Structure formats: structure tokens, C-alpha cells
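**Q** Protein chains in written order, with our numbering: chain A, 32 to 164; chain B, 426 to 654; chain C, 142 to 192; chain D, 115 to 202; chain E, 109 to 160; chain F, 1043 to 1093.
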Amino acid sequence: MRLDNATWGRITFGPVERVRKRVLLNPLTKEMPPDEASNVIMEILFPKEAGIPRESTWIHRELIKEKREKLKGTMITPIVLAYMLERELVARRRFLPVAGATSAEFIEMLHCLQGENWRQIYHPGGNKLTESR
Amino acid sequence: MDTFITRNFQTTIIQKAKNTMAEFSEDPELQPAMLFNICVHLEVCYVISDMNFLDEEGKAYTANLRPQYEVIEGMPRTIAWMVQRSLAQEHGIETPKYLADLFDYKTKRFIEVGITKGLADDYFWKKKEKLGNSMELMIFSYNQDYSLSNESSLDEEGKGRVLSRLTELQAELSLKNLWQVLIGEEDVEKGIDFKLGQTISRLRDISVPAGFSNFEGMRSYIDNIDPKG
Amino acid sequence: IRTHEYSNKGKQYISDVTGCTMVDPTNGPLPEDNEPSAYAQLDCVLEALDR
Amino acid sequence: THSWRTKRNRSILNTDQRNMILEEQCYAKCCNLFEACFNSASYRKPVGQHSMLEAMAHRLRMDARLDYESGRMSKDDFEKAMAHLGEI
Amino acid sequence: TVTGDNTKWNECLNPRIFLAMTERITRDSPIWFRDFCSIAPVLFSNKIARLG
Amino acid sequence: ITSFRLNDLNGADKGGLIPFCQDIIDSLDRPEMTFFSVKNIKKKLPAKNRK
RNA sequence: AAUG
RNA sequence: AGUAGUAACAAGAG
RNA sequence: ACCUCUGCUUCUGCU
Ligand SMILES: [Mg+2]
Ligand SMILES: [Mg+2]
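1. Kindly indicate the opening and closing residues of the beta strand (DSSP E) around B:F619.
2. Just grab the DSSP bridge partners of B:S572 for me.
3. Whole angstroms are fine: how far does the CA of F:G1053 sit from the CA of D:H198?
4. Short of 9 Å Cβ to Cβ, which residues in the stretch 166-200 of chain D face chain B?
5. Could one say the Cβ of B:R644 lies closer than 8 Å to chain E's Cβ atoms, at least one of them?
6. At 3 residues or longer, what runs of the beta strand (DSSP E) sit wholly inside the stretch 40-67 of chain A?
7. Measuring CB atoms only, is the stretch 628-639 of chain B touching the stretch 117-127 of chain E, in the sense that at least three cross pairs come out at less than 8 Å?
8. Under 9 Å Cβ-Cβ, which residues of chain F neighbour B:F619?
9. Measure from the C-beta of C:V158 to each C-beta in chain B and report whether the shortest distance is under 8 Å.
10. Looking at C-alpha atoms only, which residue of A:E162, A:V129, A:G156 and A:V54 is the closest neighbour of A:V47?
11. Taking only the alpha-carbon atoms, compute the straight-line gap between E:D143 and E:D136 and give it to the nearest angstrom.
12. By Cβ distance below 8 Å, which residues in the same chain neighbour A:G146 in space, the five residues on each side in sequence not counted?
13. Pick helix, strand or coil for B:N477, following the three-state DSSP scheme.
14. Does any heavy atom of ligand 2 sit closer than 7 Å to the C-beta of B:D651?
15. For B:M500, list the residues DSSP reports as bridge partners.
16. Could you tell me the alpha carbon to alpha carbon distance between A:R123 and A:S87, rounded to whole angstroms?
17. Looking at ligand 2, does it come within less than 7 Å of E:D113, judged from the CB to the closest heavy atom?
18. Straight-line CA distance for B:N489 to A:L94?
19. Please state the DSSP three-state secondary structure of B:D529.
20. With a cut-off of 8 Å, do at least 3 Cβ pairs link the stretch 464-481 of chain B to the stretch 125-145 of chain D?
21. For ligand 1, is there a heavy atom less than 7 Å away from the beta-carbon of B:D529?
22. Name the chain D residues that come within less than 7 Å of A:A113, Cβ to Cβ?
23. Would F:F1078 be called buried (16 or more neighbouring beta carbons within 10 Å of its own) or exposed?
24. Can you tell me whether B:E448 sits near ligand 1, meaning its C-beta is under 7 Å from at least one heavy atom of the ligand?
25. Let's see if you can read the secondary structure: which residues bound the alpha helix (DSSP H) around B:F640?
26. Counting by C-beta, which residues lie closer than 6 Å to a heavy atom of ligand 4, in chain order?
27. Enumerated in chain order, which unbroken segments of the alpha helix (DSSP H) with a length of 4 residues or greater are wholly contained in the stretch 83-123 of chain A?
28. Closer than 8 Å, CB to CB, is F:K1084 near chain D or not?
29. Could you tell me which chain B residues have their CB closer than 9 Å to the CB of F:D1071, listed as they occur along the chain?
30. Find the residues of chain D that neighbour F:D1055, judging by a C-beta separation of less than 8 Å, and give them in chain order.
31. Can you pull the chain C neighbours of E:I156, defined as C-beta to C-beta under 9 Å?
32. Since A:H154 sits in a beta bridge, which residues does DSSP pair it with?
33. What three-state label does DSSP hand D:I202 in the structure shown?
34. Just to confirm before moving on: does the CB-CB distance between D:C151 and D:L174 stay below 8 Å?
35. Taking its Cβ as the centre, do 16 or more other Cβ atoms sit within 10 Å of F:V1080, making it buried, or is it exposed?
36. Out of B:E641, B:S574, B:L603 and B:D427, point me to the one whose CA is closest to E:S146's CA.
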């Protein structure tokens, strides 16, 4: 959807200085530490095996209720649901050459954004934040 | 003090108490105090939950294959928290932060037991310092002084048997001069232990550079001298 | 063969654990040519780690 | 349907390691019952020093109890389940 | 700038130097960790190559 | 692990790496080691055949 | 500014 | 033969 | 046995 509802601009040729920075690859629903996100996934999918309750259940109660509403009556096996929930909660942060934009909606199109000698003006779909603005 | 525990409790209670100590990284052969405390705790939790039963209509009786209480204390930590998560998620009662010792299917409440030696109301309020109104309470002591919870349903047959067992345990501890071992604390650190055997010590001795006879000479030469220049 | 050739000027002995023939080049003699030598000096390594 | 897996290399059927086939399929059955009882075992690593039979027997006993306390079993099939668990 | 390669790197090192390194690095550690970190150079200084 | 069980070496049941490495370096002091290996036993089948 |  | 290159294949096993 | 298995499945010892 962020690809489809996007618009493209001019392409310019000229020098580009890329700086290798540690950026977030894909945008997230909510950025959590991996053990806290594992506790969230165990509360969403396998609630009778979550073990000792943390304090993360009270912070993330609306996310758990929403994600239990959305995955209501599906027949997809829970290992795939856990893989996709871990895909949309746990961050992937890697070192990439970045010139210009480093938000995750631009890092997911960094291959077609700019190169070493060209730049492409691009604006993704969705809605941009306020801290990034 | 271990033949006391060997003759006074069944093998199941002793094995469960030893595994309970081993889960918290302790040693049962070197601490009979904590082993005795967990054996007394499990014996109380099993005598209370001995023969209370709900029938197909759900009426309790003390004399079926569905008991009134489910024992959480005694099982391994992952299994006991599985039982607590399941019983909290099924009946709708909110999951407590800590691990209760029994579950009552009639009141449908988590019943936590404590064991003290002084004022039962004192240990009652010591538990209420950290619990709140999330569990029930069954506090007992060795001198016929109990303190049950304000929404309790404990009868007086098991209340006779529990205090009779506690007083008989106290009398047999004092008869063989063993209460003095339980007054004092058997405190030692269960630090990480790693003993080098015979072959690996010989291999480490012969695996030193040229100029050293054993390994401790090389180790103290590394630690002591200053090789500057 | 190449491992024992580059360290044959060290201390040879027979192990009293397994029985095999062991060679010790560490704190052996200093080299005299540009052959690959495995005679590492212990004080030089300890001075490097201390720096 | 394009996430298939290739077949196992069957060169071991002629060597001296054919018992390691059976020795694998004795393991797998046990694990394929364990993830039946503990569904989170594929996502979470199971922790514990107790046996693999004790954990499964306790999980099956609690499942049968919370089945009979919700009407999802009979009064007779509950007796069959608890008799089998009394054997185990 | 020297563009360099190291010849005979695996044959000319020593487990007896790595033992001294694991005794120098773990100076201020407990004794059990110093006995743990000084077993891999011991098993590597007495290794036996199977030929093939 | 299944061969260490036959020698009263049980650092794998406790679940940590440190008791397992303790049993590893204590198996070097064991005078004998028992393990599971595989031999072969031959068998005659009569038929209508040659040789 | 980060999130190992 | 040939591929190949410090040692193999040019079918192996029952 | 013009029968069967195999195509990355490792050979210390049964040899
Ligand atoms: Mg408890
Ligand atoms: Mg280079």
C-alpha cells in the first residue's frame, strides 16, 4: 500500500555522498525489546504457556486485544502467526549507506531512492509522523 | 539432620522438596533447614487438599476423580505457572503476580499458605504487605495459633489434622534436640563450582611454555612480574 | 610436516598422559633467518598485552 | 504450496546406519506428541529439569480437568481419560 | 601503507601462547572462571591430528 | 549425552553448560568409557541359488 | 541523539 | 580412451 | 540376482 499510494518525482544526476548509518529496515506497529515482544506474542497466541506475568501485559493490553481481534478465526498455523508478529514488532536495525532520508518508509525503498551518482525524489504512502517532521 | 526427614515424610514429598531447592540453585545435603521448611510446607498443602471433593452437582464433601483443590506448590515452575495461567484464563479471575500454593474450585480462588513460628496475624500482615487483595491466606504456626482469610471456607477436620501434625513435628524436633538447628541459619553461598580433575591438571601442567615446571609457577609468573622493557 | 619443521628447534618430550611426541617452540631460541619461526617469546607477548 | 521440501537423501539405506533411521523416528514421534501438548514449543524454547513425560502428563491432566469443568467432555470419557492417566 | 598478508598463520601460532593470554586477560576474575577459560588452549596444545 | 548417561555423568540433565563441561573434563579421569556402537550379525537364507 |  | 591435475572418475552395494 | 537398493551421507573397529 505504501508503494501503490506513492508518487515519484524528478530524477537528478550528480554527486551523492552516502554515509553508512545504522537504520531501521522496515517500519513497525510498535517497537519493543525482543524479550518484551516475546512476552507479547506469548500472550497473544499461546496464553496458557506465558508463564510468569511481566508488567508488559498491562502496558500492551490494547495491542494484545487488537491483535487477538484480528487473528480471530484463521486456520494458518501459529508458527507462521508468530513469525509475522515477530516480524511486525521486533526491530531490524542494520548499517546501510544512507544519503538524505533515513526513516523506515524510505529505507524500505533505499535501493531505488538514490545511488552514488543519481537521486530520485520519492514520497511514500500512509502518513508521516511529527517527530520525524 | 536427614534421617529425621527420611523417616518422617514420604518419598514423594522429599523428592519434590529436593527438586524445588535445586530449581533455586541450592544444595539439600548442606541445608536441612530449608529442606525441612519446604517439606513442612508441602505436607501442609497436601493435608489441606487431601480428600475435599466436588461431585457432578458441585457440592463439597470430605470423604470421585475431581478434587476441590488443585495444588500449585510442589510442581516445577513452568508447570505450576501453566496451571496458574490456565486457571486464571479459564474462570476469568485475574492472574496474580506471584505463585499461589492452592486453588479452590468451589470459591474459585487462589489460596496461598504461609508457615511461621510467632504471631500468625503478624505473618498474615507480612503477606498482606506484598499481596494486596489478589489471593486468599491460610497462615499457621507451631503453637495452635492460625489465621485464616476473611473469605475463607476451611473446615475443622483438616484444621485439627494440620495443627496436630505441626505440634507432633515440633515435639519430635525438640525430642531429638533438633529445634536448635532450625533456630540458627544454615547459610553458605551456592557459588559456581568447577573442579579440575587429575588428567586435565596433568595436561595443563605439561601444556606450559619452556621454563616452567608446573602451571601455578606460570600463573604466578604472569600475575606477579613486570615485563616492561 | 610443515608445522613440526617451523618449530623443530624447541623442547621435545614424550607426554606422560597419552604417550605422543610433543614439541614446544615457546620460549625457544630466537630465529636467525627469514624462515617462518614459531619461537614466540613469553615476555614479549606479556609486554604487548600489558601495553 | 511452493514452500515444499526436498526428499531425504536415501544413501543411508544401504550403509550400516539404517538403525539411525529408526532411532530418528523414535525421537520424532515423542517430539510430535510434545508439541501436541505444548503448542508454544516451536516458538519458545522449553525450559525445565523435569522429565518430558511428567510435563506432558500434567498438561493432559489439567486439560482433562478444564474440559470436564466446561461441559466439553462426558462423565464417562473423563473417567476413561483419568484412568489412562492413572496408568501413566 | 603496507598491504600485508601473513604466511603460515595456522602452523606458526601456539596454544601455549593463547594459554598465557587467557591467564593474562582473566587476571581479576574468580578462580573457577580462570580454570574454565584455560582448558581450550590445554586441549589444543595436546591435540592429535587424524590423517584421513 | 546418551553415552555419558551410561557412566554416571549427568551434567546434561541440569541444563547448564557448566555442569556439562564439568562432566566433560571428568570423563577424562574415567578409567573405562562405555558407549553405544553398532556391529553386524550375519544370517543364512536358503533358496534355489548358486554359490 | 539513540535503541545490539 | 578421455575429463582432469599432486588424485580421482570412467558406477557402487546387497 | 539380465533381481533389488542408491546418486552429498562421511569407513576407527567388526575385515
Ligand atoms: Mg508458592
Ligand atoms: Mg591483505
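Beta carbons are placed, not taken as given, at the ideal position from N, Cα and C, and that holds for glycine.
**A** This is what the structure gives:
1. It is not in any beta strand (DSSP E) - B:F619 carries neither H nor E in the DSSP assignment.
2. B:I564
3. Cα to Cα, D:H198 sits roughly 33 Å from F:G1053.
4. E168, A169, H172, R173, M176, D177, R179, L180, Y182, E183, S184, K189, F192, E193, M196, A197 and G200
5. yes
6. 50-55
7. yes
8. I1060, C1063, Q1064 and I1067
9. yes
10. A:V47 has its Cα closest to that of A:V129, out of A:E162, A:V129, A:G156 and A:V54.
11. 13 Å
12. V47
13. Correct three-state label for B:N477: strand.
14. The answer is no for B:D651.
15. B:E498
16. 21 Å
17. Because some heavy atom of ligand 2 lies under 7 Å away, the Cβ of E:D113 counts as near it: yes.
18. Pairing B:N489 with A:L94, the inter-Cα distance amounts to about 43 Å.
19. strand
20. With a cut-off of 8 Å, the stretch 125-145 of chain D and the stretch 464-481 of chain B do not count as touching, because too few Cβ pairs lie within range.
21. no
22. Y157
23. Its Cβ having fewer than 16 others within 10 Å, F:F1078 is exposed.
24. Because no heavy atom of ligand 1 lies under 7 Å away, the Cβ of B:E448 does not count as near it: no.
25. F640 to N649
26. By its list of ligands, the structure shown excludes ligand 4, since it contains just ligand 1 and ligand 2.
27. 87-90, 92-101 and 109-120
28. no
29. Simply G622, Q623, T624 and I625.
30. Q163
31. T159 and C161
32. A:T38
33. coil
34. yes
35. exposed
36. B:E641
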